[PDB]
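Comments concern the structure below.
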Amino acid sequence: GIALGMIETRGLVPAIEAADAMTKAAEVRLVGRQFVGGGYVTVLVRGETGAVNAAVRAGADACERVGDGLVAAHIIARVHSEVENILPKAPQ
Amino acid sequence: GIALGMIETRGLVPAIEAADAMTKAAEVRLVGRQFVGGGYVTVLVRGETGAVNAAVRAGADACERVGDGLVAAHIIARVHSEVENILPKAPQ
Amino acid sequence: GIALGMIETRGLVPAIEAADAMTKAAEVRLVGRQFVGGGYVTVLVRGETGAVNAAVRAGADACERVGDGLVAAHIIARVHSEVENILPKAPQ
Amino acid sequence: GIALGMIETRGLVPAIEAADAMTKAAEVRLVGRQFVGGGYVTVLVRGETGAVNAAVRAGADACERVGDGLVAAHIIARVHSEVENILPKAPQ
Amino acid sequence: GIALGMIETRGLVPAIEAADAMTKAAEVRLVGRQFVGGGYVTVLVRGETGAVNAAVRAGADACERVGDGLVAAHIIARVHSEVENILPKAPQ
Amino acid sequence: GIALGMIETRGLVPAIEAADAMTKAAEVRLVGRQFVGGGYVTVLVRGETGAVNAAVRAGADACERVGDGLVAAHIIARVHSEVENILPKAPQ
Amino acid sequence: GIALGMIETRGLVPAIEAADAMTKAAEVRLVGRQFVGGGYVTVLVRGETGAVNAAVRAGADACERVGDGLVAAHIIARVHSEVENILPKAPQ
Amino acid sequence: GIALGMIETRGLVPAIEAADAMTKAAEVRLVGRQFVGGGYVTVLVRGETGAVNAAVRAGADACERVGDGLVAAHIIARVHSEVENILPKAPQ
Amino acid sequence: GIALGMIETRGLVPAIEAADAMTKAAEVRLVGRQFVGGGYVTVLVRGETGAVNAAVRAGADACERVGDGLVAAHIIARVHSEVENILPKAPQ
Amino acid sequence: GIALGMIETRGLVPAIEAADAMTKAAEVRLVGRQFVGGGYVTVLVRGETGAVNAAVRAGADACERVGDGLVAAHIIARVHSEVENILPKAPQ
Amino acid sequence: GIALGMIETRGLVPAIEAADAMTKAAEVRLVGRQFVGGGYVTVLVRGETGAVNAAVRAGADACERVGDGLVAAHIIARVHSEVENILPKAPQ
Amino acid sequence: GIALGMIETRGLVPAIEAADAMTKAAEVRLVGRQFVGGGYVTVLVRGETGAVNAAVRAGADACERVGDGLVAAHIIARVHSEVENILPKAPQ
Amino acid sequence: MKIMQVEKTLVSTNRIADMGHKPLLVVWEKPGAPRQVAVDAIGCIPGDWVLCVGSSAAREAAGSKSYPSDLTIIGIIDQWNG
Amino acid sequence: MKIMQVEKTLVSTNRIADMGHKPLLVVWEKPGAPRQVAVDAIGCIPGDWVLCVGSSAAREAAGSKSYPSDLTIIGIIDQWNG
Amino acid sequence: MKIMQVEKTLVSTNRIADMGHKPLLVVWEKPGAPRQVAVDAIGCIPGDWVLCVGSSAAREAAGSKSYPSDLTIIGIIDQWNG
């Protein structure tokens, strides 16, 4: 699907925990891990809206207390094509 | 083993101390060191669950008073196949 | 669908109200009603995650007042293959 | 007649009273008695909506002061085909 | 005689006392003992209305102090035909 | 024998202690052990009257401190013939 | 031997612990785990008297803080032939 | 795997959540879910010691806030052969 | 039978309720409805003693809360032959 | 047409208003207007249970303020055959 | 009927008053008037339970102040079949 | 198994107790019992880390009050390869 | 307001509680026109030509500012020819 | 109010939070008709002929004076055949 | 509510201040249906079949009891084909 689920955490350990949680929670495909700068790492998952919602909730809860924690958890149910150009398609 | 243990530190010196500690304490393989940004370095080890637990604890106890410190210590016993894609395979 | 929705109520009147509500809210199949023991009745539905979410939320709101209430309303988007063996496949 | 009226009581004496009141009050068919566990007994009647409503009101008033009492009296005017598999078809 | 008298007790010993008492006290036939769950046992007798009243009063008195006691004593003079399908015809 | 002695205890351990005691004390036959529900276990012996009296007393004394205890100990010297149907004839 | 050791616990986790403990501690044979109802689970071991004592003490010590705990631990050295019919021969 | 992990919960919903969590957390096989009565459901997993430790910790963290709750979390690292007879082999 | 149960109400609606109730409750035959004047309506039923007792009590209970209410509830168990001339034979 | 709805009012204006309201609200035949005496006037309607319920509720609300008022408004879904004798067939 | 109602008075005048009152009140048959000796006279009636209760109450109230008095009023709804032998069948 | 658990005791008796406890508790293999001199006996187990930790806990508790006592209880999750040569491989 | 003719009565037993004890009537602009249901606050026989009111107003006319109504008969037109 | 038949359920997982947990149903006046969506406050099965309230009232029936609904099902008509 | 397909974005530079910074989209039920403009409260792309609440309810949905919206998009229907 098209939904974007995104969790930004302060540091990588929190994010790996979130990613794991999201992918184990629902049928979401992790499309990216991005080191933003400052110690912010965003992990991005794509899927159908229900899956993305479940995943983001689970991940957020999971990573909240891991390290410096959660900065943001957000669901964008349908993503605009233009925004797709700035979104990682597979991890790297 | 497939478990993942990660320690995030502020600064590389704490991290090298942690990696060293973890690898010595238990049967774990260091698979990565990553620079997150903002001074966070994450050291990642793989092994059996018990070994990984021992290692992370040892590493945390070591890195805690070395440098700016320990930000996070975390074990994930089974990591999803999607998460594996964002995890460093061997140190570099 | 592969998503599990489960509602637990104290008593069966609350459970029927919840199953009805769940099934009505979304396109979800009731695959079981279980008398746990002690007066806990769990009614379980399966469907797509959005459908399951709609159903569980609706059903929980419906049954909270009826009877002695709702003990738990839970959604599991991805159900582990192992857990499916302990899950009802059809309502009897 | 597809409405459902359900009365739950703590114990069988209250329930027999409710059943009798409900059946006498209106043209409903008693389709079941279920021992839930924990002392909960649910007596379920089917019929048209008006009948079910009347029956349920009558029944509740009757069983309130019998034994440990009424836990729940509920009416569902139309029952989903799915919920029909979790409801008794005959009293036995 | 077609009246119904029912006594419900917490535990089986109070119920056997009730049944003995009821049957001895007046012209009633023990038609059933039902284990409700939760520790409730219901003992049911049939007979003429007055005889059933006498029996139930006696039963209540006998079991009030036995075990954990009486929960309910009730008499129904005419039982609707529908109710008869959920009531034990002969003792087991 | 005609007489009936019943001991109800909370849980099977006190009850087995009681059965053992009763059967050892006097010539009474264990005719039933019943799991009532909600933790009530009832152990029933049938014997001649003095024997039953002796057995119940022994059993009651024995189980009062074993486990959660004795709810009730009761003797019925002749039980009406109707009560005999609800009474077990052999321990299941 | 013929001794019986019985541990009753609130819940099955405590009982399994007790059982394991008992079996490891002494030469005893687990003959039954019974769900009494209301959450009481009884685990029963047979063996020689000394062995049985050792087993039950170990079992109790083990399960006292596990879960909701221990309701009863009891040894009966020779049990009446009659009480045998209510005691399980092999675990099921 | 000879280790056993067990989680006892009040109600079935928390237990299914625990089974799911455990099985997702580590390589444990769900061998059974048991209804103990009184509202207790015990979910049991068999795996290697470390895996079981991880899994139980995961289940406990997850099921705690779902439903009425968690009663016990326990690990038996080497289970005796006698105990196996009581433990459920495969989920059904 | 020949016993007479009589209920007096302030108004006819309570009286019809009583009659319905009485007749549903026991085997009594409505022999009359009389408008006394002043707003008193007497509804009279004939049946055997116990049936009549049951019915009158039922009728009383029912009509007490309907309308202006109940003035009298009475049973004449054996009605003298002279009085029969004043009592209504069949309802009108 | 089985159900009976009856409204009693003090005075005839409130009753004509009530009958009018009932008949307008639902498809119920007006089978009678009765002058009880004392000023109690009862208006009685016969229709299906829902129709009768609607009619009666409407009538009651209408006549609450008309005249000296509503004494009673009652619905009987199933009327015992015996009562049908005392109930007016058509208005006159 | 099977019910026995008995009244004992000191002297025959009180007893005839009692009998008359009993037989008039309810449909009971006078089966004996016995001269016990010492001035005790016992008047015994048989009938349906309710009838007998009514009769005995009327009787006892009636004979209380007539002569020397009432000694006893008693009702035994079903007597053991053996007691029937010592009981009078028709009055002398 | 890589991990090592060593418990040192004063005397062989506390040590046998510890060894037994350890070997029973978790799956570890005794690789040695050493008579150090002075009365210190070291019992050494090798297993996977979770197992070794559990075992050492059991052992220490067990031998604390047996005889002279526990001098030490220690765990090394992975020992340097050189240490392996000074470590016993099959029990003496 | 729209003039509609009362056609028949509507009965729903499982209506919401706030709907109240109020009567409900099926109305149409002309026979064969789309059928709508209005709360009756007037007391209207079938075949009457009536004036029905819209959304905010209907609620008050039926009796509470918060009533669950969007159509409510507020009058019967004395002479309307259809 | 309007008489319409529930056709099917509607799931919008990304709906506004204010909508609550309430179920949403696809309702049409007739088959092959414009389809509207209604908050269901009664519990209505597909194929049901139901009564749907208008806008201010819809919010209140749906559960609050400030609920986001413009159409709520308020009762199921006991007998209607369209 | 009504099910509408988002067609295109609507831009009005000189709109009222009360509109806020809120996006407006042109939505039609059917391609070729009359178009309407709905405040987009969810973030809806073109081609989306969406749920649109109407009067009064819309205003609160778009952000205040006083917002000037008579049409808002409350959700995107997950599965819909016309």
Side-chain angles (χ1 to χ4, degrees), chain B residues 1 24-27 47-51 53-54, chain G residues 20-28 51 54-55 58 61-62, chain H residues 1-4 47-53 75-84, chain L:
Chain B
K24 286 167 172 178
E27 200 189 19
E48 174 231 336
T49 319
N53 177 67
Chain G
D20 189 61
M22 292 193 292
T23 51
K24 284 172 170 174
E27 196 178 14
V28 279
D61 214 65
Chain H
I2 46 167
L4 160 87
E48 300 272 355
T49 319
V52 168
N53 264 281
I75 302 162
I76 304 182
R78 196 172 198 159
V79 80
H80 196 267
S81 67
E82 291 297 290
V83 200
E84 304 268 18
Chain L
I2 307 277
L4 168 75
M6 297 165 289
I7 281 179
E8 194 156 56
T9 68
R10 324 182 205 266
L12 184 57
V13 177
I16 295 181
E17 159 70 340
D20 178 59
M22 294 195 292
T23 51
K24 281 177 180 169
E27 196 237 304
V28 287
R29 60 169 185 281
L30 202 67
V31 290
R33 180 260 296 102
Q34 177 73 45
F35 288 115
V36 183
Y40 295 108
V41 179
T42 308
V43 156
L44 307 88
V45 294
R46 297 288 299 269
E48 299 289 288
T49 325
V52 162
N53 289 33
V56 182
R57 219 174 55 246
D61 296 343
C63 66
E64 176 204 348
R65 305 177 185 95
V66 179
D68 281 340
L70 168 93
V71 180
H74 193 95
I75 298 161
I76 315 186
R78 180 160 63 174
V79 296
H80 201 275
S81 64
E82 315 214 40
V83 194
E84 306 264 4
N85 315 312
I86 71 164
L87 292 174
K89 287 200 180 60
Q92 285 301 305

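Scope of the values below: all heavy atoms of this structure, side chains included, with no hydrogens, waters or symmetry mates. The sequence lines fix the lettering, A, B, ..., with proteins before strands; numbering per chain opens at 1.
- The stretch residues 77-92 of chain L participates, sequence neighbours left out, in these salt bridge (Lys or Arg N to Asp or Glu O under 4.0 Å) pairs: L:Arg46-L:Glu84.
- Contact record, H:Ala3 with H:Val52: CB-CG2, 3.9 Å, taken as the closest heavy-atom pair.
- Proximity of L:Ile2 to L:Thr49: side-chain heavy atoms (C-beta onward) are nowhere separated by under 4.5 Å.
- Considering all non-hydrogen atoms of both residues, L:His74 and L:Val56 come closest at N-CG1, 4.2 Å.
- Residues in residues 17-40 of chain L take part in these side chain to side chain donor-acceptor pair (under 3.5 Å) pairs, two or more places apart or across chains: L:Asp20-L:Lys24.
- With sequence neighbours excluded, the residues that form a side-chain contact (heavy atoms from CB on, under 4.5 Å) with L:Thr9 are L:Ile7, L:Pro14, L:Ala15, L:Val41, L:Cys63.
- Taking both residues in full, the closest heavy atoms of B:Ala26 and B:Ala51 are given as CB-O, 3.3 Å, listed atom of the first, atom of the second, then distance.
- The shortest non-hydrogen separation linking L:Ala58 to L:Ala25 is CB-CB, 3.9 Å.
- The shortest side-chain heavy-atom distance between L:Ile75 and L:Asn53 falls under the 4.5 Å cut-off.
- Of all heavy-atom pairs between G:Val28 and G:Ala55, the closest is CG1-CB, 3.8 Å.
- Residues B:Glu48 and L:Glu48 form a side-chain contact, since some pair of their non-hydrogen atoms from C-beta on lies under 4.5 Å apart.
- Across every non-hydrogen atom of L:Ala19 and L:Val43, the tightest pair is CB-CG1, 3.7 Å.
- We find the CG-CE distance between L:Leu44 and L:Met6 to be 6.5 Å, quoted to the nearest 0.5 Å.
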